[PDB]
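What you see below is based on every heavy atom in this structure, not just the backbone, and it leaves out hydrogens, waters and symmetry mates. Residue numbers run from 1 in the order of the sequence given.
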Amino acid sequence: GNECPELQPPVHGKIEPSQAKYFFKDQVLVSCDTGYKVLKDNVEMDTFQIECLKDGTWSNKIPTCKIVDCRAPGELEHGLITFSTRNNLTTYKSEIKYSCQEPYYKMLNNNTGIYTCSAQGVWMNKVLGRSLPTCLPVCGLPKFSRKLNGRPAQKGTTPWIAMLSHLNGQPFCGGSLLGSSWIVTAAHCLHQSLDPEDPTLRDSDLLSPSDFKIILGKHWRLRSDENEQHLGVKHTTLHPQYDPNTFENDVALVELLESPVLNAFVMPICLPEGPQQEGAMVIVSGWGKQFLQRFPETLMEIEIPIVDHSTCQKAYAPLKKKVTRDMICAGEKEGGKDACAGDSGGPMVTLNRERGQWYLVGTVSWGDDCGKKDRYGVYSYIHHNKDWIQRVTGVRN
């Protein structure tokens with residue numbers, strides 16, 4: 001030998017140790033700059049080692065430096081990936097952009113959604129870092145308009161209402177879609193009538209996810225739509241302080257087994273962000289006979305004002321029925337037939353201007369027999385238990 005030829009550092013790389021002349025048994029590591037790695041026969045490596053042989057030749061040839069590949073970006077549920085070039089580059093320094101599926105979803109915290117391929121082969125966002133953005137369900141924004149009591153509801157104007165039916169489709173309660181997977185309803189909808197001689201709620205009384213289903217995007221009471229989504233039930237949670245005899249905290253939460261596809265006919269209703277006032281106008285909807293002579297063919301609605309707590313209590317006091325602070329009343333005049341509005345668990349909503357958003361004020365309560373509640377319509381004051389609901393479902397407006 002015994003000297004080996006001068007070595008050429010690869011592009012975007014280097015060689016160590018850097019000697020003026022190399023002689024037998026000398027060794028060198030070939031490495032690459034930040035964002036690049038050594039490429040030897042399609043195997044990536046931090047360094048590759050060469051040595052000077054006795055005959056004066058190097059053990060191998062200088063490999064090359066290949067740019068790092070962040071590979072395929074993480075999937076954003078309800079979101080979209082938009083590359084910053086027509087070639088969809090997933091390599092070092094390249095960028096992509098996450099966008100939520102408008103208008104049915106919006107990005108949480110309005111994160112830029114921009115991710116860059118880092119030197120360590122990971123897509124990184126300035127704020128979240130490695131974590132992906134969150135696409136939230138847009139609530140209370142109906143896509144169909146209102147033509148402008150008692151009256152059949154216009155198709156598409158109540159995309160949040162849920163029908164709690166038997167496995168065959170027979171309704172027995174109402175409900176509202178919250179977030180992506182939750183149905184808020186009345187606690188007394190989720191258990192069989194208790195024994196008058198032993199009025200205590202027990203687990204066997206509760207009905208199971210196998211006993212009923214949820215139907216969304218439904219307009220006709222008995223007829224079928226193409227918009228109807230029949231979903232199975234996963235689990236149910238009645239309010240911890242639900243009293244089936246006084247109907248205190250008569251609110252419950254149904255976790256759907258599979259989530260509905262959000263569209264022009266199926267969207268969640270917004271949670272309350274503040275208490276309601278006396279005289280405030282609300283809308284109550286349902287499929288029951290309600291204030292009608294006979295059962296309707298389509299969903300029904302009625303715009304009625306809120307009644308101040310006190311006046312309600314006073315009207316029910318002579319009947320030994322205590323209207324608790326977790327309850328809200330509505331209607332026009334006591335015994336005015338509009339105290340029978342809605343189905344148990346059904347929604348009571350109102351408009352938040354100029355937010356142009358609808359939100360849930362209460363759920364129909366005190367049972368499905370209006371004779372036992374003819375003074376005023378009593379509902380589970382959602383505002384009162386917003387914390388528990390938000391705590392359990394993890395839902396945000």
Side-chain angles (χ1 to χ4, degrees), residues 173-176 178 183-196 198-202 205-206 236-254 269 271-280 282 284 286 304-313 315-319 321 323-324 326-332 334-336 338-350 359-371 373-385 387-393:
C173 266
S176 300
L178 294 179
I183 300 291
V184 54
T185 190
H188 74 266
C189 288
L190 306 182
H191 68 92
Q192 64 173 349
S193 181
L194 297 178
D195 181 29
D198 186 19
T200 60
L201 182 58
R202 302 189 177 96
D205 299 325
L206 302 176
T236 72
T237 307
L238 317 188
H239 193 282
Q241 281 58 69
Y242 164 61
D243 190 285
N245 299 314
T246 54
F247 285 82
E248 301 181 46
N249 301 151
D250 178 30
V251 61
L253 285 161
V254 181
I269 182 68
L271 293 167
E273 296 177 347
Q276 228 55 46
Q277 296 299 326
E278 180 182 353
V282 305
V284 176
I304 62 182
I306 296 302
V307 176
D308 177 81
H309 211 150
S310 301
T311 303
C312 188
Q313 290 172 316
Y316 272 128
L319 303 177
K321 298 179 175 300
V323 177
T324 324
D326 63 89
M327 305 177 177
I328 180 177
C329 303
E332 190 50 58
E334 61 171 320
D338 64 345
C340 180
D343 316 317
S344 295
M348 161 186 285
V349 303
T350 192
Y359 65 95
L360 188 67
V361 174
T363 60
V364 176
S365 182
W366 281 31
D368 45 34
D369 185 346
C370 296
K373 55 168 186 178
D374 65 341
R375 296 303 80 191
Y376 282 145
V378 189
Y379 306 69
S380 185
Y381 199 7
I382 292 298
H383 179 59
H384 184 105
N385 290 319
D387 295 334
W388 170 76
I389 293 176
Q390 204 156 15
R391 219 178 303 137
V392 172
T393 69

Assess whether side chain to side chain contact (heavy atoms under 4.5 Å, CB included) is satisfied between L178 and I269, documenting all intermediate values.
CA-CA 6 Å; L178 294 179; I269 182 68; 3.8 Å; yes
Has [X] got a side-chain atom pairing as donor or acceptor with [Y]'s backbone, closer than 3.5 angstrom?
X: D308; Y: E278; result: no
X: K321; Y: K373; result: no
X: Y379; Y: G346; result: no

Using every non-hydrogen atom in the two residues, find where [X] and [Y] come nearest and quote the distance to one decimal.
X: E334; Y: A315; result: OE1-CB, 4.1 Å
X: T363; Y: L360; result: CG2-CD2, 4.3 Å
X: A280; Y: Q276; result: CB-CG, 4.2 Å
X: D338; Y: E332; result: OD2-N, 2.6 Å
X: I304; Y: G331; result: CD1-N, 3.6 Å

Do [X] and [Y] have side chains that get closer than 4.5 Å, going by heavy atoms?
X: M348; Y: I306; value: yes
X: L194; Y: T200; value: no
X: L253; Y: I183; value: no
X: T185; Y: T236; value: no
X: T246; Y: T324; value: no
X: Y359; Y: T350; value: yes
X: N245; Y: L201; value: no

As a quick check of understanding, evaluate side chain to side chain contact (heavy atoms under 4.5 Å, CB included) for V251 and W388, giving each step before the final call.
CA-CA 10 Å; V251 61; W388 170 76; 3.7 Å; yes
Option among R375, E248, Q313 that satisfies the side chain to side chain contact (heavy atoms under 4.5 Å, CB included) test with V323
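Answer to the side chain to side chain contact (heavy atoms under 4.5 Å, CB included) test with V323 among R375, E248, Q313: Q313.
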As a test of understanding, state which of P244, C189, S365 forms a side chain to side chain contact (heavy atoms under 4.5 Å, CB included) with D250.
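Only one option passes, and that is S365.
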Just say parallel, tilted or perpendicular for the rings of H188 and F247, cut-offs at 30° and 60°.
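Answer is perpendicular, since the angle exceeds 60°.
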With sequence neighbours left out, what residues match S193 under side-chain hydrogen bond (donor to acceptor under 3.5 Å, both in side chains)?
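Here no residue qualifies.
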To the nearest 0.5 angstrom, please state how far the CD atom of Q192 sits from the CG atom of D205.
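Reported to 0.5 Å precision, the distance equals 5.0 Å.
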Test of ring centre spacing under 6.0 Å for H309 and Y381:
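No, the ring centres sit 6.0 Å or more apart.
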